[PDB]
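>>> When you get a sec, could you give me coordinates for this:
(chains A, B, C and D, ligands or ions: 14)
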Amino acid sequence: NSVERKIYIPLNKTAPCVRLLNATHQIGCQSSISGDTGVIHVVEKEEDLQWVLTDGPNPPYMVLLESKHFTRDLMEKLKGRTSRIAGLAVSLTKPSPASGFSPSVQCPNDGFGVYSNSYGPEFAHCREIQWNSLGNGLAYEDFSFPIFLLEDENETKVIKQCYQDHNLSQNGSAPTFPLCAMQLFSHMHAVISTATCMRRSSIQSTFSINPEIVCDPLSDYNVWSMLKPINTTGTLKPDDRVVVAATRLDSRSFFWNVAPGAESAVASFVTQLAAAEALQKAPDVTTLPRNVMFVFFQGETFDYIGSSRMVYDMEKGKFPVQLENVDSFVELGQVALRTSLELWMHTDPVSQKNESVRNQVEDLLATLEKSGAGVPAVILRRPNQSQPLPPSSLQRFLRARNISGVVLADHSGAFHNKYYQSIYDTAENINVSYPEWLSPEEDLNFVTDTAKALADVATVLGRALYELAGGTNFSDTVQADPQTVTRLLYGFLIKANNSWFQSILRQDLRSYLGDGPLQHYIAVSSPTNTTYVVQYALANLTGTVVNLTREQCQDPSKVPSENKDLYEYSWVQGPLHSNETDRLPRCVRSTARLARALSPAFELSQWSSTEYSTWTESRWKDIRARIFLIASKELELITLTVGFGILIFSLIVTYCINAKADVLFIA
Amino acid sequence: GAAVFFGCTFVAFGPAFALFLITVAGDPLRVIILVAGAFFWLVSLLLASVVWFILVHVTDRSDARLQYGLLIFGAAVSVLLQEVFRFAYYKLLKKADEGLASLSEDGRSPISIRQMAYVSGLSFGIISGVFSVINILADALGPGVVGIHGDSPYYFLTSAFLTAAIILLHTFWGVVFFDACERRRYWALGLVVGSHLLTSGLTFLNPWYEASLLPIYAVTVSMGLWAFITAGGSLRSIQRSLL
Amino acid sequence: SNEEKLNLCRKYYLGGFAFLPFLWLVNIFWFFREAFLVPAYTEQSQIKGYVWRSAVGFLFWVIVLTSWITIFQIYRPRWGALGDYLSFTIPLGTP
Amino acid sequence: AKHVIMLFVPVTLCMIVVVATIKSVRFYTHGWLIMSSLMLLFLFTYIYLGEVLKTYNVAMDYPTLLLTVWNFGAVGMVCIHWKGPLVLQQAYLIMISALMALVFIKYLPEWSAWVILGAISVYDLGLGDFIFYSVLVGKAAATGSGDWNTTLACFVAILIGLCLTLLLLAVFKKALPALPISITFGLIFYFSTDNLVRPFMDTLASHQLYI
Ligand SMILES: *[C@@H]1O[C@H](CO)[C@@H](O[C@@H]2O[C@H](CO)[C@@H](O[C@@H]3O[C@H](CO[C@@H]4O[C@H](CO)[C@@H](O)[C@H](O)[C@@H]4O)[C@@H](O)[C@H](O[C@@H]4O[C@H](CO)[C@@H](O)[C@H](O)[C@@H]4O)[C@@H]3O)[C@H](O)[C@H]2NC(C)=O)[C@H](O)[C@H]1NC(C)=O
Ligand SMILES: *[C@@H]1O[C@H](CO)[C@@H](O[C@@H]2O[C@H](CO)[C@@H](O)[C@H](O)[C@H]2NC(C)=O)[C@H](O)[C@H]1NC(C)=O
Ligand SMILES: *[C@@H]1O[C@H](CO)[C@@H](O[C@@H]2O[C@H](CO)[C@@H](O)[C@H](O)[C@H]2NC(C)=O)[C@H](O)[C@H]1NC(C)=O
Ligand SMILES: *[C@@H]1O[C@H](CO)[C@@H](O[C@@H]2O[C@H](CO)[C@@H](O)[C@H](O)[C@H]2NC(C)=O)[C@H](O)[C@H]1NC(C)=O
Ligand SMILES: *[C@@H]1O[C@H](CO)[C@@H](O[C@@H]2O[C@H](CO)[C@@H](O)[C@H](O)[C@H]2NC(C)=O)[C@H](O)[C@H]1NC(C)=O
Ligand SMILES: *[C@@H]1O[C@H](CO)[C@@H](O[C@@H]2O[C@H](CO)[C@@H](O)[C@H](O)[C@H]2NC(C)=O)[C@H](O)[C@H]1NC(C)=O
Ligand SMILES: CC(C)CCC[C@@H](C)[C@H]1CC[C@H]2[C@@H]3CC=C4C[C@@H](O)CC[C@]4(C)[C@H]3CC[C@]12C
Ligand SMILES: CC(C)CCC[C@@H](C)[C@H]1CC[C@H]2[C@@H]3CC=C4C[C@@H](O)CC[C@]4(C)[C@H]3CC[C@]12C
Ligand SMILES: CC(C)CCC[C@@H](C)[C@H]1CC[C@H]2[C@@H]3CC=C4C[C@@H](O)CC[C@]4(C)[C@H]3CC[C@]12C
Ligand SMILES: *[C@@H]1O[C@H](CO)[C@@H](O)[C@H](O)[C@H]1NC(C)=O
Ligand SMILES: *[C@@H]1O[C@H](CO)[C@@H](O)[C@H](O)[C@H]1NC(C)=O
Ligand SMILES: *[C@@H]1O[C@H](CO)[C@@H](O)[C@H](O)[C@H]1NC(C)=O
Ligand SMILES: *[C@@H]1O[C@H](CO)[C@@H](O)[C@H](O)[C@H]1NC(C)=O
Ligand SMILES: *[C@@H]1O[C@H](CO)[C@@H](O)[C@H](O)[C@H]1NC(C)=O
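Numbering: from 1, shown residues only, chains lettered A, B, ... in the order given. Ligands and ions are numbered 1, 2, ... in the order given. Next comes the structure:
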């Protein structure tokens, strides 16, 4: 309409606070239906909170913060007085807070690890070390008003300009009643817990036509591959041995689709991909006495979705690698910072009370130190006290078998990450920065010092996996190059629409590469951006090319060579031939398969469960925001009074002229 | 919100609902005259929009002042086509009065001609007010008012008071128009179309409410006085009607 | 006629025993000016009772239904799973 | 004269129910007699009552809606197929026509629903005339942006063709199709005010102009 453009300015670059659900609690935010409307008041000091909490003439406000004031204490002050705050727009600060910020809890993944009151009770609720020392738990609270993140500076300037135009107070008096306001729309369809929401979504999908589904389980696919190919249609022999290298693949933040995850997620699976392509280029790979499984777990933030699904499928015979076949386990945690060239080796102390398990873990650590003695830029250390294990994917495997596992990390005590699970864990947190006179095609091939730092960790990991797989002769050829590391860092942290990501994905998957960086949240969308990019990156870094046409590549069964049970086949795009648009497509013959990652409390249908991570996301509709002016209630009562008066006066005058129309209008 | 909606609706459709409820809705013959008047006004608006469509797609939408000139010319030719099809509806009612009376009815007068003038004017008024204000009234149900880009916050109320004046002006213009067409007086026939052109031109000063709303009600009061004395009323008839 | 008036009124009153109070409401609305205004019929004796006991019967459905609706609208979130299995539509955000 | 308003009032109320459903619900955006009336007085009342309760987000239990729908479909069956009040007789025929016209709005494509209507008028009151009058106005209040000018110009166009059809049988005095005059003025005036008058209104409304 041409009149609504005179009334409303929409807000475009935003990010909402979304309700998620647990077995017992709810988190996130919610508005009312048809939005929450509030008068804008900016906050830049502590006197501006008294205007909203006590001194406001127009009580339902909607405040505007810089995100350096988005603190636990100010949230307690806004939550204790809820009838005067309806809405909250948080603006992103480009000089990131120097004290750090982490909205996750003080001890992440608490009741879903090994340590409980029955196994490790001196280490149970992380009594020794608080791992996330800067965590203030704010992302697991429940708010009654919306909280949106403003990502553009120009929209913040427009809102502040409308505040300066209309909402000020002259000479210590009231603001003049035409005032600027803002309306936030985030209405969540879900309720008290995931048991109530899954029940309400199953009743409406059974006893009701036009089914009202009001939740969705958090789910994605894990991505795994083998060094030497396995059969994948049966199970392995009981006397086969694999070496598992695992890493999480996701992150989150306070706000919904924002999840940069550079230090906590991105650098770790980038260096596992580099170690995989370093291990695959060994000349003695086919005649190894053992095998290596690279696995990338997704869902690890929300109480180990993918790792628990992998262990559950592994102990029900539904996965080709059995839990007896797991010989050694090398978990790869946060390795991005490494403040003094040190890479700490975390082990589990309670399972080492068995004497043979302790001998196997000591042999594993001796193997790691022997393979890391050839890299002078990595100083492998172990913690001085018998401290517990950090929250990692090994803790799901240690609830079943007591495998000989190690966790590599950059920290001994608490995290070196000042922005764990936050909006500030971007490429500048791990110092991935490029010079300004380079084209973005040349920024793809520029080597950061972070890339040279992570390629050394990838080299140590690759030579360690080569020694655990019984290689022992061509141990010097295994070395990751920083070229692949800096291309993966530029692809996952800066620009997903590369010239290299396009030449490795399929034609159908080219819309999964946006203009900016990838966000690493485990969405309801059952394959994510990141799962496809990691799968096809692993397919190019581990697979080879074969001469097949596309009709032979979609169906390799009639080929006399090129077995289908052992490998997997994909018809990918190619690089560009010059001066035209010639994608040159080809087959990749790799082992990068996918496995489902949906937590086993959703397959067993026990939605009030205390051991398989019942996390769901609310469904919604119509996330939008807008600013406008409001009129006084004096003017609304005046226009309603004038309308009633015109109507009643018109009825009286019309009936008094109609009744005397025989006399008034003579002929 | 609801207060602005139910206030601006009762200003725009305050007189028109009163006239339709008290005068028109009783007789089952006047509703047909009402819907036929609304139909001929729709045909007038369609034939007026054809000419503006052709002009705006011939002139290629290049210059900004020429589009404003074509806007003024389209408003002028729309006013002229409304006043032509009012004469068309007068000719159709005069042709349909000789057939309804004294040839299909014994008594020669089922409805007079002044009543058909009144109902034709009210029909033009109601359909023009519906196409004037009903899209504006849908935006009054929102929380916001006009003025985020430096406009006036009295947009809705002034649109209601302009719509009500347009309805009353059509209701008066119908009576004065048909009595001018009866007695073969053509100087008043120019004054009706000149007052229509004048009240359509005064909405070109429209963001300045001090001179685009008060002369329109001045014309409305003068045209109501002329439709009163035109239909037969006088002070002799007013002051001897209070028994 | 009037013989097929009472003989159609009794077929309205004997049909409201099949959980039909609105049939009793249209029995009250339609046969009211023919049972309390003009004494003219011999069969006016039983047209005055079939519209009186059917207004007792209709008011009986008002006391039950407006109590049950308020009891459901209050005690629905207090009831647990059972409040969801006998709810036709459940509102979205509120529990 | 009186018998024309006796055909204006039922066709006005049938369009008010449909237009207030399209603009508010946002979801539509004796063997052959009784059996096909049990499928409309019970199976379509169960959907129409249930879909309008979802719009306002209110809780309703099964024992009240099963009491409400049964008090609508059984009185509707005993007033049509058996004797009843005349005011309640015609009111149910308004209500079953609007329900039968709302299923002709949802389950049709955009440019395909004009095919059916077109062919019907081309080869053409009774219950069939109340439906396809209501389909035309409900389709006009759905396609496009917010435009109340196009909905209310198709309302006047149907009432003129309904006026001229009754006037046309004043000389002929024979059963007429009634449809191909009102739908012809509906096919013209919808495609003539949705894209030809609608730009002329918006330029006048942007500068706040009044003709
Ligand atoms: C589903 O997801 C939700 C969202 O996180 C989970 O909810 C959280 O569950 C935690 C369970 O451990 C809750 O932590 C407990 O909170 C208790 C209440 O403490 C109050 O909170 C303030 C905060 O500073 C405290 O100072 C006060 O003491 C208050 O009482 C604590 O009592 C408890 O801490 C105990 O400390 C003693 C000290 O000796 C220990 O012996 C004891 O073992 C325990 O550690 C603990 O901190 C957490 O508050 C809660 N979050 C919210 C927002 O409610 C659900 O548990 C999840 N459901 C599942 C997984 O099934
Ligand atoms: C959000 O994006 C919309 C585009 O859909 C912007 O609206 C446009 O704003 C410019 C500048 O005021 C106008 O010239 C256009 O006419 C607007 N287009 C519309 C209303 O469809 C809007 O300004 C953006 N919001 C912010 C805060 O930048
Ligand atoms: C993993 O190792 C621990 C420690 O060796 C095992 O825990 C022991 O269990 C036995 C019998 O179940 C008991 O002696 C004690 O409960 C534990 N001994 C300790 C803690 O010293 C545990 O059973 C092993 N297996 C699994 C699947 O966890
Ligand atoms: C992840 O993949 C989805 C699916 O292709 C991307 O969503 C598309 O994004 C483009 C660019 O904004 C839009 O034009 C499309 O309409 C979107 N499609 C869908 C189905 O949503 C998404 O951008 C990708 N994420 C990132 C970070 O690149
Ligand atoms: C990803 O990059 C490609 C090019 O590398 C973009 O494709 C171009 O898109 C523009 C805009 O639609 C077209 O005009 C060009 O013809 C495209 N092809 C080229 C330059 O070869 C693509 O749009 C980008 N994707 C996203 C989501 O930004
Ligand atoms: C992985 O993708 C890269 C994309 O550049 C491939 O590199 C090019 O491959 C072609 C052969 O198809 C060579 O002619 C080019 O010289 C390569 N460019 C380089 C190395 O910069 C690479 O071959 C792909 N991996 C595999 C195994 O095919
Ligand atoms: C464009 C508009 C504002 C012009 C208004 C002109 C007015 C003031 C003029 C022009 C027409 C005039 C009328 C013409 C004829 C008659 C009939 C006569 O028996 C009494 C005077 C009376 C009723 C005149 C009064 C004054 C009058 C109404
Ligand atoms: C808006 C900007 C771009 C241009 C403003 C131009 C103004 C000053 C011009 C353009 C159109 C003009 C109007 C055009 C027609 C009429 C009708 C006539 O009977 C009286 C003068 C009047 C009412 C004019 C007044 C002056 C006017 C409003
Ligand atoms: C802010 C000051 C200094 C300058 C602007 C003054 C504006 C807002 C004032 C001055 C004149 C006023 C108008 C004067 C007369 C009328 C006619 C009445 O029926 C409705 C209100 C209306 C249309 C007023 C609306 C508000 C108005 C336009
Ligand atoms: C913000 O506005 C400035 C000034 O118009 C512009 O240069 C800049 O590109 C804008 N930022 C974005 C992200 O569009
Ligand atoms: C395992 O490999 C053999 C090859 O000898 C193949 O025939 C068989 O289909 C595979 N899968 C099983 C046994 O599930
Ligand atoms: C120690 O581990 C070995 C191998 O896993 C197992 O055979 C042995 O039973 C364990 N010791 C005890 C006491 O269970
Ligand atoms: C490399 O070492 C292995 C022992 O694992 C041995 O079997 C093999 O013969 C050696 N190869 C060469 C070329 O020395
Ligand atoms: C590879 O395939 C192409 C065509 O598919 C064929 O011409 C070529 O001979 C093949 N090469 C080998 C070594 O089989």
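>>> alpha carbons only for contacts and neighbour counts from here, please
Will do.
>>> Next, the contact list for residue B:135, please.
For residue B:135, the set of contacting residues under the criterion of CA atoms under 8 Å, 6 or more residues apart in numbering or on different chains consists of D:146, D:147, D:148, D:149.
>>> Just the buried residues of those.
Applying a neighbour-count criterion of 16 or more other CA atoms under 10 Å in any protein chain shown, the buried members of the contacts of residue B:135 are D:147, D:148, D:149.
>>> looking at this, the last one is in a helix?
Yes: under DSSP: H, G, I helix; E, B strand; the rest coil, residue D:149 falls within a helix.
>>> helix or strand for the closest residue to it other than its chain neighbours, which one?
Among residues not flanking residue D:149 along the chain, residue B:131 sits closest, at 6.0 Å (CA to CA, 6 or more residues apart in numbering or on different chains). For residue B:131, the enclosing helix or strand under DSSP states H and E is helix B:113-139.
>>> buried set for that helix?
Buried residues in helix B:113-139, counted by 16+ other CA under 10 Å: B:113-114, B:116-139.
>>> sorry, back to before: the residue nearest to residue D:149 contacts residue D:150, correct?
No: if you go by CA atoms under 8 Å, residue B:131 and residue D:150 don't touch, sitting 9.6 Å apart.
>>> So which bits of the one helix or strand residue B:170 maps to are buried?
Residue B:170 belongs to helix B:155-182 when elements are defined using DSSP H and E. Of the residues in helix B:155-182, B:155-180 count as buried by neighbour count, 16+ other CA under 10 Å.
>>> Does ligand 9 have contacts with that helix?
Yes: counting by CA under 6 Å from any ligand atom, contacts between helix B:155-182 and ligand 9 involve residue B:158.
>>> any idea which element residue D:10 lies in?
Secondary-structure element containing residue D:10, defined by DSSP H and E: helix D:2-22.
>>> Repeat that for residue A:407.
Applying DSSP H and E, one finds residue A:407 within strand A:404-409.
>>> near ligand 12, anything from that strand?
No: for strand A:404-409 and ligand 12, the contact criterion (CA under 6 Å from any ligand atom) is not met; the two come no nearer than 9.0 Å.
>>> what lines up beside that strand in the sheet?
With DSSP bridges as the criterion, the sheet partners recorded for strand A:404-409 are strand A:326-332 (parallel), strand A:342-346 (antiparallel).
>>> Can you give me the distance of residue A:131 to residue B:141?
Counting by CA to CA, to the nearest Å, the gap from residue A:131 to residue B:141 is 52 Å.
>>> residues in contact with the strand holding residue A:407?
Applying CA under 8 Å, 6+ apart, the set of residues contacting strand A:404-409 from outside is A:327-335, A:343-348, A:357, A:360-361, A:364-365, A:389-390, A:392, A:394.
>>> rewinding a little: quick one: closest of the strands paired with strand A:404-409 to residue A:289.
strand A:326-332 (12.3 Å; CA to CA).
>>> Could I get the contacting residues of residue B:125?
When the contact criterion is CA under 8 Å, 6+ apart, the partners of residue B:125 are B:16, B:166, B:167, B:168, B:169, B:170, B:171.
>>> Tell me who's in contact with the last one.
If I follow you right, that is residue B:171. Shown in contact with residue B:171 (CA under 8 Å, 6+ apart): B:118, B:119, B:120, B:121, B:122, B:123, B:124, B:125.
>>> cool, the second one as well?
In this structure, residue B:166 makes contact with B:125, B:128, B:129, judged by CA under 8 Å, 6+ apart.
>>> residue ranges of the strands in chain D, please?
Listed in chain order, the strands of chain D (DSSP state E) span D:60-61.
>>> Could you report the neighbour count for residue A:331?
Using other CA atoms under 10 Å in any protein chain shown as the criterion, residue A:331 is surrounded by 22 other residues.
>>> Could you measure from the nearest residue in space to it that is not next to it in sequence over to residue B:197?
Spatial nearest neighbour of residue A:331, chain neighbours left out: residue A:407 (4.5 Å); criterion: CA to CA, 6+ apart. Between residue A:407 and residue B:197 the computed distance is 86 Å (CA to CA).
>>> Among those two, which residue is more densely surrounded?
Remark: of residue A:407 and residue B:197, residue A:407 carries more neighbours, 24 against 19, as counted by other CA under 10 Å.
>>> State the distance from the more buried one to ligand 4.
Residue A:407 sits 30 Å away from ligand 4, going by CA to the nearest ligand atom, to the nearest Å.
>>> Next up, the contacts around the most centrally placed residue in chain D.
By CA atoms, centre = their mean, chain D has its centre lying nearest to residue D:134, at 2.1 Å. For residue D:134, the contact set (CA under 8 Å, 6+ apart) comprises D:14, D:15, D:18, D:98, D:101.
>>> Minimum distance to ligand 8, which residue of the stretch 151-300 of chain A gives it?
When distances are taken as CA to the nearest ligand atom, the stretch 151-300 of chain A reaches nearest to ligand 8 at residue A:165, 24.9 Å away.
>>> Hmm, residue A:536 is touching residue A:505, no?
Yes: under the criterion of CA under 8 Å, residue A:536 lies in contact with residue A:505, with a separation of 5.9 Å.
>>> Where do the strands of chain C begin and end?
Secondary structure of chain C by DSSP E: the strands cover C:87-89.
>>> what's the closest non-adjacent residue to the residue positioned nearest the centre of it?
Taking CA atoms, centre = their mean as the criterion, residue C:21 is the residue nearest the geometric centre of chain C, at 2.2 Å. Closest residue in space to residue C:21, ignoring its immediate chain neighbours: residue C:58 at 5.6 Å, by CA to CA, 6+ apart.
>>> Residue A:211 too?
In space, not counting the residues next to it along the chain, residue A:211 is nearest to residue A:205; the distance is 4.7 Å by CA to CA, 6+ apart.
>>> where does the one you found land in three-state SS?
With three-state DSSP as the criterion, residue A:205 reads coil.
>>> ok, now which ones touch residue B:42?
residue D:153.
>>> can you do 7 Å?
Contacts were defined as CA atoms under 7 Å, 6 or more residues apart in numbering or on different chains; by that measure residue B:42 touches no other residue.
>>> Please state the backbone phi and psi of residue A:385?
Dihedral pair for residue A:385: phi -100, psi 160, per degrees, to the nearest 10.
>>> do you know how far it is from residue A:414?
According to CA to CA, residue A:385 stands 14 Å off from residue A:414.
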